[PDB]
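Shown here is one chain on its own, the form deposited in one PDB entry, set out as structure tokens.
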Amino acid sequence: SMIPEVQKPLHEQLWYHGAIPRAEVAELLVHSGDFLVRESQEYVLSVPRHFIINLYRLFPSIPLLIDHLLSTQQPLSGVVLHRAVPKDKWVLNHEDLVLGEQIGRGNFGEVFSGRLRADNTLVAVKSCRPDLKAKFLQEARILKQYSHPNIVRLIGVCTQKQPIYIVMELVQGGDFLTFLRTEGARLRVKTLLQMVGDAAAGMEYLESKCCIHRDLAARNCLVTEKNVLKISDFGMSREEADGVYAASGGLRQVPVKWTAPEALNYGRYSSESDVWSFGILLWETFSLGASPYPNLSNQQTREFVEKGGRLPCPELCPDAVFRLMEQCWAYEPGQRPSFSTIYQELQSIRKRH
């Protein structure tokens, strides 16, 4: 026999979204009468009007209440229920994750290692410590839509409780900058060519998806135990059908020495500005992780670049890789190659080595 749905605890209800932030509820409630329950404990019934809920009212439990309301079609306001809105397939309960030690940090806070309890899969877990707080789930919205060998995979989103997490594949060899600086001296150029080709494949993929990453750098690339490179940190990334993200107004956090002149000074972000950052990533790679413009401040770099200044060819960087960098740093965005062009050229270079 079956336990009735309404007899199940609130925790188990498809229409209970726990720590769902404001902007999501907005996004989730489509038609008149659509509803969910969430925690504010004070539970809240969001039909977008928000009704605050040992018996619950506006019964022994909140599913008992919700069913009564639906069944009877009596009002809460005038507002009446039509259809409970379920969680999407990506929502994971906190208890399905075993949190491990911190492996990094960013603006929202720590990244941790973890495991999935059900099958021991190792994972990375981005946590969020409130306007910026509203931007946190951006990386999840973006990554839900993708699946590519050189892009970090989304596994799930823990929005049922605080603190909120975004759960991703763990790429166990760590960031590519540390990798270059720690293993680079034993690395063959052919391996380096493969790894920057991985990065180009990932970026070509992002451009096909109308995604503009905005923080491409060795520090935001990750290396598998087999030296496959995956692009990570999609926190600043934006999706634009028409291909340009226009910075919205207000202070911005800018990785100056990886940022194209037009993105920096006019706030025009595009796959073409991403190509500039790729140019810099190529430089980081074939320098075995040197810091770019090492004797210039950020301000001095902006001036040097505006005057036609560019990074020097790293020693023993193959000539065709440096020509490719140079092209990536063309001043006019229109003059830079596509990621398609870059990936093909890198594969061609690699094949010849």
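Heads up, when I say rigid core I mean the largest set of C-alphas that superpose within 1.5 Å between the two forms. Just count from 1 along the sequence shown to find any residue number.
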Open item on the list: Counting only residues that lack coordinates, how big is the gap in the deposited sequence between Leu58 and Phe59? Pick none, 1 to 3, 4 to 9 or 10 or more.
Closed with: 4 to 9
Open item on the list: Unmodelled residues of the deposited sequence between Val256 and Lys257: none, 1 to 3, 4 to 9, or 10 or more?
Closed with: none
Task: Of 217-225 and 130-138, the stretch whose C-alpha atoms average the higher B-factor in the entry - done: 130-138
TODO: Tell me, please, which of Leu251, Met195, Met203, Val80 has the highest C-alpha B factor according to the deposited entry?
DONE: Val80
TODO: Taking the chain's C-alpha temperature factors as the reference, tell me which third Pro9 falls into: lowest, middle or highest.
DONE: middle
Task: For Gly289, the third of its chain into which the C-alpha B factor falls - done: middle
- [ ] Would you mind ranking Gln347 by its C-alpha B-factor against the rest of the chain and naming the third, lowest, middle or highest?
- [x] highest
Open item on the list: Using the temperature factors of the C-alpha atoms in this entry, rank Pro48 within its chain: lowest, middle or highest third.
Closed with: highest
TODO: Could you look up the Cα B-factor of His148 in the entry and say which third of the chain it sits in: lowest, middle or highest?
DONE: lowest
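Below, we refer to the form deposited in another entry, which is not included among the displayed structures.
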Open item on the list: After superposing on the rigid core, which residue out of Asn120, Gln162, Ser71, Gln145 has its C-alpha displaced by 2 Å or more between this form and the one not shown?
Closed with: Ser71
Task: C-alpha of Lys89 off by 2 Å or more between this form and the one not shown on rigid core - done: no
Task: Did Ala241 shift 2 Å or more between this form and the one not shown, C-alpha, core superposed - done: no
TODO: Look at the CA atoms of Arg252 and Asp242: state whether they lie closer or farther apart in the other form than in this form, given a difference of 3 Å or more.
DONE: farther
